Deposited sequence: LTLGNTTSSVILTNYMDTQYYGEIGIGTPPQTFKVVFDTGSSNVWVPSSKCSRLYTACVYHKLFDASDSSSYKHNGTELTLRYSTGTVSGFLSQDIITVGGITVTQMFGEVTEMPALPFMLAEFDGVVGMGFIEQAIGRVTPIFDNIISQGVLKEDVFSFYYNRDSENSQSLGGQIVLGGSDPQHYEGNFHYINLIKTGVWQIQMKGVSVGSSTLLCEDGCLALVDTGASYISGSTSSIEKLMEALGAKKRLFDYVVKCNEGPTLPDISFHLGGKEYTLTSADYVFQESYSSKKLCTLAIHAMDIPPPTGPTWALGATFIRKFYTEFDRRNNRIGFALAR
């Protein structure tokens, strides 16, 4: 069933690395800062039942079921794994408000939240924008529950991520916002339903296709901060850039940031090009300082990986539309 409704969520941009919006859980609503993640399908927030020995729980908003008149108990144990850390807790049900839409949703109350990395988290929880296939406990994802209401003009959702005092970004549920893109969308069909993953035809450093020559996978992840490849791919890429590997990143000398070549991603029919301005955190131009890149090595395990991931580095240049009706991803140049 389709309606006429489009709904939007204003996002906050934290240092070009974290983009999050707000949701309300319960009656009266308890508000949480959440990441809208196409790379996962579970909704979770920290719990009032999290032990204060977890320092992260001291530093974030906690859902208290005892203050909500609409809460429905479940209790099923749940463990959720991410790139940087793992959370564990139990399932609960309550009303969730996302941009004006009110939906009865099953979500996990997190009772184990490690200080590393959750102390670095500016957001409280996560809202999974993926398919039921990737959902732990085979729990209906929020978008599937929103589609079921028959209010949305279309079964699509769009992402706009700004460059670091105005709008941090925007999510549109049931459409796209033309104020944030230029030209026309170019679509790429998903390899298979269940994942927001597409086929990538090659990666060039300069003009020459130095990587992904025999084809590779690309996960379009709104919950990822960077553009990521396997340890091997990123080693070749960085060697070509003249970047040196540290513990958590690669760096160049700040003076050599503007001289770095363009990086292109062959997706569907087109070439998606990023200049050094799009992938270097250009904090200065000093010969005496090191500058980080917005491209990181990430070994994404099977069945999803080995795969590349196109996170916020890519979405900042290319406004992204996720089409649930036709199992495809659309890109247009972001305004």
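**Q** Relative to the deposited sequence numbered from 1, which residue ranges are unmodelled?
**A** Unmodelled stretches: 1, 166-169.
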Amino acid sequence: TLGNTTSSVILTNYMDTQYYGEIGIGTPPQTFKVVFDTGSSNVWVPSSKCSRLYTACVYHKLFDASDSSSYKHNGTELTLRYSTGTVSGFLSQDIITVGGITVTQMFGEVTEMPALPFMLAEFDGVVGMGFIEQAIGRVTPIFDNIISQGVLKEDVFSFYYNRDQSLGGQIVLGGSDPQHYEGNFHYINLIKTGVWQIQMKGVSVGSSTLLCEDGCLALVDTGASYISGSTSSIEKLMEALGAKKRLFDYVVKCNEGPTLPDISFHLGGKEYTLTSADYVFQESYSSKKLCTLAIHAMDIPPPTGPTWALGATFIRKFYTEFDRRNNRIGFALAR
From here on, numbers count along this sequence of modelled residues.
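C-alpha atoms forming the largest set that superposes within 1.5 Å between two forms make up the rigid core.
**Q** Compare 272-280 with 58-66 and report which one shows the larger root mean square C-alpha deviation from this form in 9 other deposited structures of this protein once the rigid core is superposed.
**A** So, of the two stretches, the farther one in 9 other deposited structures of this protein is 58-66.
**Q** State which stretch is farther from the displayed form on average in 9 other deposited structures of this protein, 195-203 or 73-81, counting RMS CA distance after fitting on the rigid core.
**A** After the core superposition, the stretch with higher RMS deviation in 9 other deposited structures of this protein is 73-81.
**Q** Looking at the other compared entries that model both neighbours, is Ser166 missing coordinates in at least a third of them?
**A** Missing in at least a third of the others, so yes.
**Q** Would you say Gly330 goes unmodelled in a third or more of the other compared entries?
**A** No, modelled in all of them.
**Q** Do the C-alpha atoms of 295-303 or of 22-30 have the higher average B factor in the entry?
**A** Looking at the record's C-alpha B-factors, the answer is 295-303.
**Q** Going by the average Cα B-factor in the PDB entry, point out whether 201-209 or 248-256 comes out higher.
**A** Mean B over CA atoms: larger for 201-209.
**Q** Report the option among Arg81, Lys192, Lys72, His180 whose CA atom has the maximum B-factor in the deposited record.
**A** In the PDB entry, the greatest C-alpha B-factor among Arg81, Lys192, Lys72, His180 is found at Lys192.
**Q** So among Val220, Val110, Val126, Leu167, who wins on Cα B-factor in the entry?
**A** That would be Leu167, according to the entry.
**Q** Compared with the other modelled residues in the chain, in which third is the CA B-factor of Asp155?
**A** Its C-alpha B-factor, which the entry lists for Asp155, ranks in the highest third among residues of this chain.
**Q** Among the modelled residues of its chain, does the C-alpha B-factor of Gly242 lie in the lowest, middle or highest third?
**A** Top third by C-alpha B-factor.
**Q** Based on the entry's values, in what third of the chain does the Cα temperature factor of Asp214 lie: lowest, middle or highest?
**A** Within its chain, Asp214 is a highest-third residue by C-alpha B-factor, going by the deposited values.
**Q** Among the modelled residues of this chain, does the Cα B factor of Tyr59 put it in the lowest, middle or highest third?
**A** Its C-alpha B-factor belongs to the middle third of this chain's values.
**Q** Considering every modelled residue of the chain and its Cα B-factor in the PDB entry, is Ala224 in the lowest, middle or highest third?
**A** Lowest third - that is where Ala224 ends up once the chain's C-alpha B-factors are sorted.
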